[PDB]
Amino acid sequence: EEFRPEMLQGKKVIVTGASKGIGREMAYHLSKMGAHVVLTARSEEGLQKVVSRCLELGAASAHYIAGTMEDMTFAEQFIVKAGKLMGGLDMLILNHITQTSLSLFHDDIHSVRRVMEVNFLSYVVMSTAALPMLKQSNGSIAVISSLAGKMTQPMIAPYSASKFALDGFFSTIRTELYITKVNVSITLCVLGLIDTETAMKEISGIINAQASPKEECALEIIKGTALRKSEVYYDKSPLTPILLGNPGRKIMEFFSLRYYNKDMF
């Protein structure tokens, strides 16, 4: 199937980490598509600014809920308030991440605990809290990851862990949903370097690599999620999907089901 921006006309969509970066570019894109949007981040001020440009762009409705995804209760509550506000949920975009600086891992157990709580746990809390509305609407989940969630690079050990943890968790859910004949899709978005101000500031004096436009990235995420693709690759190199694709895993995963007692699902 080929994408049409009409696929998101009047659809109820949640976007995390929407104050800046890819989250913001996705909000703007959904707006132009005529969708109902609910945004989140910590900065109330930041959210207000994008929520204003959202309606200005063509959003069917635009609202925001400020808060920290470090707090699991907020993550669960944000989903319910947003579900009420839009009268259901069609697409859930899981984008937010806690601050990460590129440094060779020395210690800081609490930094690693924060990373897994924000980057990983909140995503499971939020997806669990959203799954009934998504079940009704036969909707989707966009799980934002990176190349570092499919492969290893130095100076991002806790970050890689959180992104790998998502792959394990959500790919399992995706299979479970499929085998229990539930039409809710899970789209894992594997991204390369994106030209967001935050990344550029963080790689300055460490990584040489060329970034990709945040506008084209955001659109590709929405496109793939709506087109109900299991995984979406967006990087400067055209070999990234061939190299990171893991067909062997796909084969292995398929035959695993053969050993299961069919009564289980």
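Residue indices: 1-based, along the sequence shown.
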Residue range whose averaged C-alpha B-factor is higher in the record, 37-45 or 206-214: 37-45
Per the entry, higher mean C-alpha B factor between 169-177 and 74-82: 74-82
Top residue by Cα temperature factor, when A59, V232, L219, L239 are compared in the entry: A59
Criterion, highest CA B-factor; candidates, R114, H106, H96, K163: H106
For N246, the third of its chain into which the C-alpha B factor falls: lowest
Ranked C-alpha temperature factor of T225 among modelled chain residues, by third: lowest
Where the record places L30 (Cα B-factor, split into thirds across the chain): middle
Lowest, middle or highest third - CA B-factor, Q136: highest
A130 by Cα B-factor - lowest, middle or highest third of the modelled chain: highest
